[PDB]
Trainee: 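So that we are looking at the same thing, I have put the structure below in structure tokens.
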Amino acid sequence: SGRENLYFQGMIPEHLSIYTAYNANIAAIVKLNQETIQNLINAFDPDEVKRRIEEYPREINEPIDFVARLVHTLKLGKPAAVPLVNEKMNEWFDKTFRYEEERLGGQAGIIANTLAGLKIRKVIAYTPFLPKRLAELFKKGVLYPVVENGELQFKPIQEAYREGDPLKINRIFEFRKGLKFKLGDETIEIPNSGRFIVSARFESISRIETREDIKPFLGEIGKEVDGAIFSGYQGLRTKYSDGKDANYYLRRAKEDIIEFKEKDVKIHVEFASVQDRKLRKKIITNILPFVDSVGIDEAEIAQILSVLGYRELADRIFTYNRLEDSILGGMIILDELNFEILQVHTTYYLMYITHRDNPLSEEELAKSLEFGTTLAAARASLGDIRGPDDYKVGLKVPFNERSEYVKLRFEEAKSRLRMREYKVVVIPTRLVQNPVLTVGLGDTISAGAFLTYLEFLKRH
Amino acid sequence: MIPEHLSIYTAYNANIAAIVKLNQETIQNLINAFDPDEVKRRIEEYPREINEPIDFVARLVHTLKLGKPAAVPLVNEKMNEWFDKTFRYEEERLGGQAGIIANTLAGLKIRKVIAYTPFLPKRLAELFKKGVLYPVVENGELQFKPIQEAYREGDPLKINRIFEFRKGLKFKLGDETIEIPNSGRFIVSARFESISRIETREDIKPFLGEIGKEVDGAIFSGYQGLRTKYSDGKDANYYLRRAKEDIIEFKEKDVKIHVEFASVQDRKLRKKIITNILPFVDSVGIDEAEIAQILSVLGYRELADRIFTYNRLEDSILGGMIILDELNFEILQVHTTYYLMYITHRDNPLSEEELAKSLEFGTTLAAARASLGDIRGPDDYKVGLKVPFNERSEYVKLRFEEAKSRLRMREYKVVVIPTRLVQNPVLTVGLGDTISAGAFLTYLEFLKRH
Ligand SMILES: Nc1ncnc2c1ncn2[C@@H]1O[C@H](COP(=O)(O)O)[C@@H](O)[C@H]1O
Ligand SMILES: Nc1ncnc2c1ncn2[C@@H]1O[C@H](COP(=O)(O)O)[C@@H](O)[C@H]1O
Ligand code: NA
Ligand code: NA
């Protein structure tokens with residue numbers, strides 16, 4: 001330490017080192033103007049497209065599948081999301097379209113970039129697939145684990161790529177109201193603006209794990225970091241072409257958790273919407289009890305309750321969305337799964353639910369939540385976090401108009417629910433009215449609350 | 001052969017099983033201490049638990065009159081002293097899963113057997129077999145010392161007391177002669193708060209990694225002893241978080257962990273134990289009723305009921321595959337009267353042949369224990385080898401082939417062998433623990449071959 005450190009002058013936990021895994025991908029955008037659309041359409045027989053639209057492909061295996069679903073979307077002006085389930089089509093998309101922009105996406109990747117922007121002591125990101133195109137989208141300051149002659153090093157992630165690695169690219173096709181094109185001998189005028197999304201959902205990128213080269217060194221990484229933020233389990237498949245299943249990968253994920261926890265690393269998992277109820281339940285069973293902190297949104301309280309057998313409550317949260325029921329559902333999830341702290345983020349309020357013996361005071365818990373929503377507000381206002389001073393931009397965003405109402409409903413809920421086994425803290429969010437960016441804000445909230453949580457634990 | 005070259009840690013439950021012989025004089029002197037009208041009144045009230053000497057006398061006299069076997073919990077630790085002053089014990093022996101397993105492994109003279117229980121009064125320590133060790137910390141340094149001398153004076157004493165009574169015995173309740181109509185046992189189980197705080201206590205906790213370095217496997221049991229709530233604000237969850245920390249410390253040291261599961265009546269607590277422990281360990285040993293109890297709180301109510309009711313091998317296989325699919329530990333062992341089973345993942349290193357030999361070692365070892373009353377030395381194993389496989393072996397085998405025909409076997413490895421059932425066993429306590437000990441020991445040995 002330099003010793004120029006001043007208590008009065010310096011809320012961002014600068015001294016922390018954090019590991020993030022497993023999910024990072026490319027988010028690419030294509031602007032569909034008139035020439036782009038017509039040239040795409042022209043490549044195909046119009047009758048063949050029309051027949052395919054009638055067949056209505058629910059996933060993309062061939063170029064015609066994509067063209068039929070996109071044209072259908074454009075004619076109705078209705079946004080849609082269609083999975084790409086064929087890795088070989090990456091080359092087709094890339095030869096066919098020019099990308100307006102390419103950004104990092106995925107929870108681990110977006111959280112890594114935010115923390116490097118905050119200039120904390122060390123940020124190390126891990127993804128099993130790191131082609132050069134992805135590695136280059138990480139911010140300066142992000143590290144990646146490398147084995148250099150049976151010894152563990154951390155290298156700049158931009159230099160650590162493997163060519164040949166599968167490329168997870170999610171593509172957003174933007175269209176505008178009013179554009180016209182011809183399908184054979186029929187003029188189509190797009191009735192409104194929207195987006196058509198093609199998500200990467202082929203096999204190679206669903207093998208989510210620490211690969212066998214880095215695995216023996218996870219303990220040595222654990223010695224370097226104060227915290228680990230894990231996500232990406234939602235990308236797993238229930239069955240694989242080589243006879244593996246989601247369970248196979250979850251046993252490897254539990255091995256990873258054991259290596260970090262034994263080294264006294266606190267682990268946060270950022271939960272996600274999980275489509276497949278069967279996979280959702282496996283992630284909840286295999287992962288959540290064995291970690292420290294879990295970050296969810298409001299919709300996810302009901303989805304987790306449901307798989308744990310609390311069907312009445314899940315229905316009620318879904319039907320009415322009462323704050324009292326969200327606090328009860330958080331309490332039950334914490335009681336059932338018995339990790340250390342739950343954080344829930346919603347449009348108008350953030351919440352922590354902890355065990356009665358958590359070391360932090362309710363004031364510390366509030367400040368950690370405040371730091372999460374303030375960091376999101378900054379990121380929403382600026383687009384990207386570039387230095388620790390950017391946090392102050394977030395401080396200028398007021399707590400939202402519903403703040404009084406949230407606090408009143410919170411006091412009412414306390415009077416109605418059994419509080420004794422828990423600490424519960426609810427704070428209003430700082431909502432940016434006209435944000436420059438909205439993707440990934442929940443991950444930003446979770447990263448910021450978890451980082452400050454770690455720092456507060458160091459004073460107990 | 002006997003695997004010899006293995007070191008095993010076992011925790012957390014050990015207790016005393018003590019027997020009292022209720023002869024006419026013991027019964028009459030006991031009763032004589034009390035107002036017979038007050039005894040009758042307490043019997044009318046019918047206490048479900050023992051908090052005071054009159055609760056015990058009341059329930060006991062009521063079972064003696066009916067000749068009815070019964071079990072009533074002791075919920076008052078302060079009454080240990082009363083029992084011990086009032087009665088002479090015909091016999092005291094070690095019980096509890098981790099105690100019985102420790103004594104079995106020490107009898108096999110494996111390389112090292114370390115037991116841990118957080119409550120070790122001198123009376124308990126003395127009932128461990130020669131060779132059982134206990135972790136002891138002196139000036140910040142860990143040693144493994146004979147458990148018999150590692151006791152702490154004043155530790156809580158978990159003693160289960162079995163009162164044996166005989167048909168024909170007569171006694172007087174006031175002026176009424178009571179003659180006992182059937183022989184039987186009245187059991188008083190230790191169910192007070194201090195012995196439900198199941199954990200590694202803070203003096204040894206920091207050293208679990210250093211134990212991990214010394215052992216090849218760990219067998220954990222006794223989670224069924226936890227309570228939902230404690231008088232100092234703790235709850236089952238507090239002890240379950242500590243239990244997960246212990247598991248992490250051994251797994252990082254590459255120790256395989258077996259959990260010997262048990263009946264838990266409270267379904268909500270049962271589910272907490274399953275949630276917090278079973279997905280985190282390697283091997284899990286259960287019997288037929290436990291398959292149904294687990295299935296029940298996972299939401300397979302209809303399957304669980306078929307198992308409780310009918311005991312069909314086909315439903316036990318299906319139930320077993322469901323449990324391994326849901327919980328995703330490494331290997332499931334199921335012990336039942338007529339057969340033992342393993343269910344694993346398709347990528348388990350062991351061959352079906354080694355899986356079957358591991359199960360055969362489990363049942364053989366139980367057969368030896370059942371024949372002899374104990375495992376005294378490694379050669380006792382040979383006594384089990386002379387107990388034939390049971391008469392239902394052919395039937396089990398047919399039912400097994402029929403089950404695989406009807407069930408989606410995926411590529412799970414499922415191995416079913418018949419038990420060696422002893423005709424007139426001298427002992428029937430701890431047999432399931434003994435199977436699980438032998439099957440797990442051999443599993444670890446076979447894992448070394450890959
Ligand atoms: N405009 C905004 N300003 C600040 N925070 C926001 C904004 N929009 C969303 N968030 C936060 O991000 C969380 C997740 O957002 P979403 O990805 O829309 O579900 C929400 O629950 C809010 O807590
Ligand atoms: N007479 C016997 N000889 C050998 N093994 C036995 C005998 N009786 C029961 N077992 C085994 O011991 C296990 C424990 O069952 P229990 O006797 O109900 O506690 C059973 O599943 C059988 O596999
Ligand atoms: Na950022
Ligand atoms: Na979000």
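Letters go in sequence order (proteins before strands), and every chain restarts at 1. Only heavy atoms go into these numbers, but all of them, side chains included; no hydrogens, no water, no symmetry mates.
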Trainee: Take atom CD in A/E14; do more than 12 heavy atoms of anything else shown fall under 6.0 Å from it?
Mentor: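 No.
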Trainee: State, without any angle test, whether A/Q234 and A/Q107 hold a side-chain donor-acceptor pair at a distance under 3.5 Å.
Mentor: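 There is such a pair (donor and acceptor under 3.5 Å, judged by atom type) between the side chains of A/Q234 and A/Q107.
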Trainee: Report yes if the side chains of B/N328 and A/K254 come closer than 4.5 Å at any heavy-atom pair, otherwise no.
Mentor: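 B/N328 reaches A/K254 side chain to side chain.
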Trainee: Just wondering, do A/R379 and A/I110 contact through their side chains at under 4.5 Å, heavy atoms?
Mentor: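 Answer yes - side chains close enough.
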Trainee: Should we say atom CD of A/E411 is surrounded by more than 12 heavy atoms from elsewhere, each under 6.0 Å from it?
Mentor: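 Atom CD in A/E411 is crowded, with more than 12 foreign heavy atoms closer than 6.0 Å.
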Trainee: With a 4.5 Å limit on heavy-atom distance, are the side chains of A/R459 and A/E364 in contact?
Mentor: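 They are in side-chain contact.
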Trainee: Would you say A/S368 and A/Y352 are linked by a side-chain donor-acceptor pair, where the criterion is simply a distance under 3.5 Å?
Mentor: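 Yes, side-chain donor-acceptor contact under 3.5 Å.
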Trainee: Determine whether more than 12 heavy atoms belonging to other residues, nucleotides or ligands lie under 6.0 Å from atom CZ of A/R402.
Mentor: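 For A/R402, atom CZ is not crowded (no more than 12 foreign heavy atoms under 6.0 Å).
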Trainee: Going by ring pair (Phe, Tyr, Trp, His ring centres under 6.0 Å), name the residues that satisfy it together with A/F339, two or more places apart in sequence or in a different chain.
Mentor: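 Partners of A/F339 under the ring pair (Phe, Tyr, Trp, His ring centres under 6.0 Å) test: none.
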Trainee: Does some side-chain heavy atom of A/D292 sit less than 4.5 Å from a side-chain heavy atom of A/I341?
Mentor: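 No, side chains not in contact.
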Trainee: To the closest 0.5 Å, what do you measure between CG (A/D384) and CG (A/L382)?
Mentor: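 Between A/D384 CG and A/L382 CG, I get 7.5 Å after rounding to 0.5 Å.
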Trainee: Is it true that a side-chain atom of A/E362 and a backbone atom of A/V425 form a donor plus acceptor pair closer than 3.5 Å?
Mentor: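 It does not hold such a pair.
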Trainee: Any salt bridge between A/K407 and A/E404, counting N to O under 4.0 Å?
Mentor: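 Answer for the salt bridge query: no.
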Trainee: Should we say atom NZ of A/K281 is surrounded by more than 12 heavy atoms from elsewhere, each under 6.0 Å from it?
Mentor: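 Yes, enclosed.
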Trainee: With a 4.5 Å heavy-atom cut-off, do A/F450 and A/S293 have their side chains touching?
Mentor: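 Yes, side chains in contact.
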Trainee: Can you find a pair of side-chain heavy atoms, one from A/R211 and one from A/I214, that are under 4.5 Å apart?
Mentor: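 With C-beta onward as the side chain, the pair stays apart.
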Trainee: Are B/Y230 and B/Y238 close enough, and set up right, to give a ring pair (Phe, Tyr, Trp, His ring centres under 6.0 Å), and what steps lead you there?
Mentor: CA-CA 10 Å; B/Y230 294 77; B/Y238 172 87; 8.3 Å; no
Trainee: So do the side chains of A/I287 and A/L250 get within less than 4.5 Å of each other, counting heavy atoms only?
Mentor: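 Side chain of A/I287 against side chain of A/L250, heavy atoms only: contact under 4.5 Å found.
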Trainee: I'd like to know if the side chain of A/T429 reaches the main chain of A/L431, judged simply by a donor and an acceptor atom lying under 3.5 Å from each other, with no hydrogens or angles considered.
Mentor: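 No, because the side chain of A/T429 does not come within donor-acceptor range (under 3.5 Å) of the backbone of A/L431.
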Trainee: What's the separation between atom CD in A/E259 and atom CD in B/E252, rounded to the nearest 0.5 Å?
Mentor: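 Reported to 0.5 Å precision, the distance equals 5.0 Å.
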Trainee: Under a 4.0 Å threshold between the charged nitrogen and the carboxylate oxygen, would A/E363 count as salt-bridged to A/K367?
Mentor: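 Looking at A/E363 together with A/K367, the answer is yes, because their closest N to O distance falls below 4.0 Å.
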Trainee: Atom CG of A/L305 and atom OH of A/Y310: how far apart are they, to the nearest 0.5 Å?
Mentor: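 OH of A/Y310 is found 8.0 Å from CG of A/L305.
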Trainee: Does a sphere of radius 6.0 Å around NZ in A/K119 hold more than 12 heavy atoms from other residues, nucleotides or ligands, not counting ones at 6.0 Å or beyond?
Mentor: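 Count not over threshold, so no.
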Trainee: Has the side chain of A/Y391 got a donor or acceptor atom that lies under 3.5 Å from a matching backbone atom of A/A378?
Mentor: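 A pair under 3.5 Å: no.
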Trainee: Can A/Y19 and A/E224 be said to form a side-chain hydrogen bond (donor to acceptor under 3.5 Å, both in side chains), step by step?
Mentor: CA-CA 9 Å; A/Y19 181 75; A/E224 285 287 292; over 6 Å; no
Trainee: For A/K392, look at atom NZ and say whether over 12 heavy atoms of other residues, nucleotides or ligands are found less than 6.0 Å away.
Mentor: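 For A/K392, atom NZ is not crowded (no more than 12 foreign heavy atoms under 6.0 Å).
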Trainee: Mind checking whether A/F290 and B/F280 have side chains closer than 4.5 Å, heavy atoms only?
Mentor: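 A/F290 reaches B/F280 side chain to side chain.
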Trainee: Is the A/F260-A/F230 ring centre distance short of 6.0 angstrom?
Mentor: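 Yes, the ring of A/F260 comes within the 6.0 Å limit of the ring of A/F230, centre to centre.
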Trainee: Is it true that B/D235 and B/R227 make a salt bridge, defined as a side-chain N closer than 4.0 Å to a carboxylate O?
Mentor: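 A salt bridge is absent here (no side-chain N lies under 4.0 Å from a carboxylate O).
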Trainee: Answer yes or no: does atom NZ of A/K396 have more than 12 heavy-atom neighbours from other residues, nucleotides or ligands under 6.0 Å?
Mentor: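 Counting other residues, nucleotides and ligands, NZ of A/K396 stays at 12 neighbours or fewer.
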Trainee: Would you say the ring centroid of A/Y348 lies under 6.0 angstrom from that of A/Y405?
Mentor: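 So the answer is no for these two rings.
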Trainee: Between A/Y144 and A/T127 (side chain of the first, backbone of the second, donor and acceptor by atom type, cut-off under 3.5 Å), is there such a pair?
Mentor: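 A pair under 3.5 Å: yes.
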Trainee: Checking A/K423 side chain against A/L360 main chain: does a donor-acceptor pair fall under 3.5 Å?
Mentor: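 Indeed, once roles are kept as given, a pair shorter than 3.5 Å links the two residues.
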